[PDB]
$ cat coords09.txt   # compact mmCIF, C-alpha atoms
# COMPACT_ATOMS: atom_id res chain seq x y z
CA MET A 1 115.69 128.53 100.83
CA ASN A 2 115.79 124.96 99.50
CA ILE A 3 116.81 121.49 100.72
CA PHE A 4 120.42 121.97 99.76
CA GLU A 5 120.81 125.31 101.55
CA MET A 6 118.99 123.94 104.56
CA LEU A 7 121.19 120.89 104.85
CA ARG A 8 124.31 122.78 104.20
CA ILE A 9 123.50 125.00 107.25
CA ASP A 10 122.87 121.92 109.38
CA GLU A 11 125.84 119.84 108.33
CA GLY A 12 128.51 122.37 107.40
CA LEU A 13 131.38 121.76 104.94
CA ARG A 14 134.70 120.04 105.83
CA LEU A 15 137.21 119.02 103.25
CA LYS A 16 139.17 116.81 105.65
CA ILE A 17 137.98 113.52 107.22
CA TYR A 18 136.37 114.40 110.51
CA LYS A 19 134.28 112.74 113.31
CA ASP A 20 130.41 112.88 113.69
CA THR A 21 128.67 114.31 116.60
CA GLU A 22 128.58 110.58 117.03
CA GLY A 23 132.26 109.99 116.82
CA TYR A 24 131.98 108.68 113.27
CA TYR A 25 134.24 109.33 110.37
CA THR A 26 132.65 111.75 107.87
CA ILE A 27 133.72 114.16 105.18
CA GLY A 28 132.09 116.90 103.02
CA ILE A 29 128.54 117.92 103.82
CA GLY A 30 127.67 115.25 106.38
CA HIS A 31 128.70 112.31 104.23
CA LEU A 32 129.23 109.39 106.69
CA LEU A 33 132.09 107.23 105.52
CA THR A 34 132.18 104.39 108.07
CA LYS A 35 131.00 103.54 111.59
CA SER A 36 134.32 101.71 112.19
CA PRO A 37 137.03 103.02 114.35
CA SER A 38 139.91 102.95 111.88
CA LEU A 39 140.90 106.02 110.14
CA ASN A 40 142.21 103.51 107.75
CA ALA A 41 138.82 101.93 107.02
CA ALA A 42 137.55 105.51 106.54
CA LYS A 43 140.26 106.42 104.09
CA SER A 44 139.50 103.36 102.08
CA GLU A 45 135.84 104.11 101.91
CA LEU A 46 136.64 107.65 100.89
CA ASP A 47 138.81 106.65 98.02
CA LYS A 48 136.15 104.13 96.99
CA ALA A 49 133.51 106.87 97.10
CA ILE A 50 135.51 109.42 95.03
CA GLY A 51 137.35 107.08 92.66
CA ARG A 52 140.80 108.41 93.46
CA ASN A 53 143.48 108.39 96.00
CA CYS A 54 142.47 111.10 98.29
CA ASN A 55 144.69 110.64 101.29
CA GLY A 56 141.79 111.88 103.54
CA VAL A 57 141.23 115.07 101.66
CA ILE A 58 138.69 116.14 98.98
CA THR A 59 137.86 119.28 96.93
CA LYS A 60 134.71 121.41 97.21
CA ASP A 61 133.62 119.98 93.97
CA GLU A 62 133.86 116.40 95.18
CA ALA A 63 132.06 117.44 98.35
CA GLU A 64 129.09 118.79 96.44
CA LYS A 65 128.98 115.75 94.23
CA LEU A 66 128.65 113.45 97.21
CA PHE A 67 126.03 115.90 98.51
CA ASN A 68 123.96 115.71 95.33
CA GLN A 69 124.05 111.88 95.53
CA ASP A 70 123.10 111.86 99.21
CA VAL A 71 120.14 114.16 98.79
CA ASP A 72 118.92 112.18 95.71
CA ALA A 73 119.22 108.92 97.68
CA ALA A 74 117.34 110.36 100.66
CA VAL A 75 114.36 111.46 98.51
CA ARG A 76 114.27 108.09 96.61
CA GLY A 77 114.49 106.35 99.86
CA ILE A 78 111.44 108.19 101.20
CA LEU A 79 109.56 107.44 97.94
CA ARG A 80 110.30 103.67 98.21
CA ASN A 81 109.43 103.40 101.86
CA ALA A 82 105.94 102.16 102.68
CA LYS A 83 105.88 104.12 105.87
CA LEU A 84 107.53 107.32 104.61
CA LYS A 85 105.94 107.82 101.23
CA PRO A 86 102.37 108.51 102.46
CA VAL A 87 103.55 111.12 104.92
CA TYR A 88 105.75 112.81 102.28
CA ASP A 89 102.95 112.90 99.76
CA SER A 90 100.63 114.45 102.32
CA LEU A 91 103.01 117.27 103.18
CA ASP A 92 103.52 120.78 101.69
CA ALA A 93 106.81 121.80 100.07
CA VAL A 94 108.47 123.29 103.14
CA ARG A 95 107.57 120.40 105.51
CA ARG A 96 108.73 117.97 102.87
CA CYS A 97 112.19 119.49 103.31
CA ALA A 98 112.01 118.84 107.05
CA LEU A 99 111.35 115.14 106.53
CA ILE A 100 114.15 114.95 104.02
CA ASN A 101 116.56 116.51 106.57
CA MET A 102 115.65 113.85 109.14
CA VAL A 103 116.17 111.03 106.66
CA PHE A 104 119.55 112.40 105.62
CA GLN A 105 120.71 112.58 109.27
CA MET A 106 119.26 109.44 110.59
CA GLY A 107 118.41 107.15 107.65
CA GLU A 108 115.01 105.84 106.38
CA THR A 109 115.03 103.28 109.04
CA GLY A 110 115.54 105.52 111.97
CA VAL A 111 112.86 107.96 110.85
CA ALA A 112 110.36 105.29 109.98
CA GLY A 113 110.59 104.33 113.63
CA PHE A 114 109.03 107.60 114.69
CA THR A 115 105.61 105.99 114.23
CA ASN A 116 103.54 108.29 116.43
CA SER A 117 104.98 111.57 115.09
CA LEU A 118 104.58 110.32 111.51
CA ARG A 119 100.89 109.72 112.22
CA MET A 120 100.46 113.18 113.65
CA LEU A 121 102.23 114.84 110.72
CA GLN A 122 99.95 112.99 108.35
CA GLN A 123 97.04 114.28 110.32
CA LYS A 124 98.39 117.90 110.16
CA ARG A 125 98.49 118.18 113.91
CA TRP A 126 101.55 120.38 113.82
CA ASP A 127 101.83 121.31 117.44
CA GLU A 128 101.24 117.80 118.72
CA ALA A 129 103.76 116.34 116.44
CA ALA A 130 106.43 118.94 117.44
CA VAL A 131 105.90 118.00 121.07
CA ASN A 132 106.23 114.21 120.23
CA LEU A 133 109.35 114.57 117.98
CA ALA A 134 111.16 116.30 120.89
CA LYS A 135 110.86 113.26 123.07
CA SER A 136 113.71 111.45 121.36
CA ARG A 137 117.38 110.67 121.64
CA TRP A 138 117.70 112.73 118.41
CA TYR A 139 116.50 115.93 120.19
CA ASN A 140 118.51 115.33 123.35
CA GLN A 141 121.76 114.61 121.39
CA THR A 142 121.50 117.46 118.79
CA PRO A 143 119.05 119.91 120.27
CA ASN A 144 119.81 123.04 118.11
CA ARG A 145 119.45 121.24 114.83
CA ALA A 146 116.42 119.16 116.03
CA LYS A 147 114.77 122.35 117.12
CA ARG A 148 115.25 123.99 113.73
CA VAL A 149 113.71 120.96 112.00
CA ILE A 150 110.91 120.76 114.50
CA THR A 151 110.06 124.45 114.07
CA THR A 152 110.00 123.88 110.33
CA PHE A 153 107.40 121.08 110.75
CA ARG A 154 105.49 123.25 113.23
CA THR A 155 105.29 126.42 111.11
CA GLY A 156 105.65 125.43 107.54
CA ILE A 157 107.92 128.49 106.94
CA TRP A 158 111.70 128.95 106.85
CA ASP A 159 112.27 131.31 109.76
CA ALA A 160 114.34 128.82 111.84
CA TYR A 161 116.93 129.02 109.13
CA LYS A 162 116.74 132.83 108.61
CA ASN A 163 118.58 133.46 111.62
CA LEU A 164 121.28 131.07 110.48
$ encode --input "coords09.txt" --output "structure tokens"
Amino acid sequence: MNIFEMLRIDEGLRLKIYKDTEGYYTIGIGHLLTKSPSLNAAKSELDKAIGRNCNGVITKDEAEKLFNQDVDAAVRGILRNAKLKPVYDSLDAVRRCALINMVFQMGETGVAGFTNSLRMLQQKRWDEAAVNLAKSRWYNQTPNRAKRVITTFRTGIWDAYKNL
């Protein structure tokens, strides 16, 4: 398993504009288009993102391209972030994927706000950190996914995703 396979399990693949768990317009493999309520604003963003007239629909190909960009951006965002970088550098390869997943779902900003958990991960206090992460809107709103990510940080192995 790798970051791409992991995220593709968590996000799924939809070739038609759809709404977030959050009610937001998305397409592909969790690519948020807009937080705005118009399907029209969403369509516009889509076409801007793909460079063609899509009429709300994309190919698999286009979906993976957006996915490649999103993952690349997430990693580079971590690397540029004063709060995120040190944790990332301290982690092993599997846990690194868990942090990446959080950043992709919630943005640099949101994750960098998990101050106390970040601290604990840096310290390698796996069980404590798993308990702390769970005390969040994130976990209450998307419990199955949060629990997979949390197990990944806890164990450092890919079993949470084996099932899936």
$ residues_around --input "coords09.txt" --residues "residue 26 (chain A)" --least-positions-apart "2" --cutoff "10 Å" --atoms "only C-alpha atoms" --output "list in words"
residues 14, 15, 16, 17, 18, 19, 20, 21, 23, 24, 28, 29, 30, 31, 32, 33, 34, 35, 42 and 46 of chain A
$ closest_residue --input "coords09.txt" --among "A:58, A:99, A:84, A:1" --to "residue 146 (chain A)" --atoms "all atoms listed in the file"
A:99
$ residues_around --input "coords09.txt" --residues "residue 55 (chain A)" --least-positions-apart "5" --cutoff "9 Å" --atoms "all atoms listed in the file" --output "list in words"
residues 43, 44, 46 and 47 of chain A
$ atom_distance --input "coords09.txt" --atom1 "CA of residue 128 (chain A)" --atom2 "CA of residue 3 (chain A)"
24.1 Å
$ atom_distance --input "coords09.txt" --atom1 "CA of residue 78 (chain A)" --atom2 "CA of residue 107 (chain A)"
9.6 Å
$ residues_around --input "coords09.txt" --residues "residue 96 (chain A)" --least-positions-apart "4" --cutoff "10 Å" --atoms "only C-alpha atoms" --output "short mmCIF file (atom, residue, chain, number, x, y, z; two decimals) with C-alpha atoms, in the frame of the given file"
data_model
loop_
_atom_site.label_atom_id
_atom_site.label_comp_id
_atom_site.auth_asym_id
_atom_site.auth_seq_id
_atom_site.Cartn_x
_atom_site.Cartn_y
_atom_site.Cartn_z
CA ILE A 3 116.81 121.49 100.72
CA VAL A 75 114.36 111.46 98.51
CA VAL A 87 103.55 111.12 104.92
CA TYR A 88 105.75 112.81 102.28
CA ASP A 89 102.95 112.90 99.76
CA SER A 90 100.63 114.45 102.32
CA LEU A 91 103.01 117.27 103.18
CA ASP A 92 103.52 120.78 101.69
CA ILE A 100 114.15 114.95 104.02
CA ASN A 101 116.56 116.51 106.57
CA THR A 152 110.00 123.88 110.33
CA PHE A 153 107.40 121.08 110.75
CA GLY A 156 105.65 125.43 107.54
#
$ build_atoms --input "coords09.txt" --residues "region 84-104 of chain A" --atoms "N, CA and C atoms" --output "CSV table (one decimal), keeping the file's coordinate frame"
chain,number,residue,atom,x,y,z
A,84,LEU,N,107.1,105.9,104.8
A,84,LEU,CA,107.5,107.3,104.6
A,84,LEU,C,106.8,108.0,103.5
A,85,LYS,N,106.6,107.3,102.4
A,85,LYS,CA,105.9,107.8,101.2
A,85,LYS,C,104.6,108.6,101.4
A,86,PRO,N,103.7,107.9,102.2
A,86,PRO,CA,102.4,108.5,102.5
A,86,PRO,C,102.5,109.8,103.2
A,87,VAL,N,103.4,109.9,104.2
A,87,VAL,CA,103.6,111.1,104.9
A,87,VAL,C,104.1,112.3,104.0
A,88,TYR,N,105.1,111.9,103.2
A,88,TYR,CA,105.8,112.8,102.3
A,88,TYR,C,104.7,113.4,101.3
A,89,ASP,N,104.0,112.5,100.7
A,89,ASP,CA,103.0,112.9,99.8
A,89,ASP,C,101.9,113.8,100.4
A,90,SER,N,101.7,113.7,101.7
A,90,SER,CA,100.6,114.4,102.3
A,90,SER,C,101.1,115.8,102.7
A,91,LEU,N,102.4,116.0,102.7
A,91,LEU,CA,103.0,117.3,103.2
A,91,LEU,C,103.1,118.4,102.1
A,92,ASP,N,103.2,119.6,102.5
A,92,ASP,CA,103.5,120.8,101.7
A,92,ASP,C,105.0,120.9,101.4
A,93,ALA,N,105.4,121.8,100.5
A,93,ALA,CA,106.8,121.8,100.1
A,93,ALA,C,107.9,122.1,101.2
A,94,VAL,N,107.5,123.0,102.1
A,94,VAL,CA,108.5,123.3,103.1
A,94,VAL,C,108.6,122.1,104.1
A,95,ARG,N,107.5,121.6,104.6
A,95,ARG,CA,107.6,120.4,105.5
A,95,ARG,C,108.2,119.2,104.9
A,96,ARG,N,108.0,119.0,103.6
A,96,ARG,CA,108.7,118.0,102.9
A,96,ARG,C,110.3,118.1,103.1
A,97,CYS,N,110.8,119.3,103.0
A,97,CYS,CA,112.2,119.5,103.3
A,97,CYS,C,112.6,119.1,104.7
A,98,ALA,N,111.7,119.3,105.7
A,98,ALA,CA,112.0,118.8,107.0
A,98,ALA,C,112.2,117.3,107.2
A,99,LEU,N,111.3,116.6,106.5
A,99,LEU,CA,111.4,115.1,106.5
A,99,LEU,C,112.6,114.7,105.9
A,100,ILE,N,112.9,115.3,104.7
A,100,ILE,CA,114.2,115.0,104.0
A,100,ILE,C,115.4,115.1,104.9
A,101,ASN,N,115.5,116.2,105.6
A,101,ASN,CA,116.6,116.5,106.6
A,101,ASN,C,116.7,115.4,107.6
A,102,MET,N,115.6,115.0,108.2
A,102,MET,CA,115.6,113.8,109.1
A,102,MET,C,116.2,112.6,108.6
A,103,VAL,N,115.7,112.2,107.4
A,103,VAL,CA,116.2,111.0,106.7
A,103,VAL,C,117.7,111.1,106.3
A,104,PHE,N,118.2,112.3,105.9
A,104,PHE,CA,119.6,112.4,105.6
A,104,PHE,C,120.4,112.2,106.9
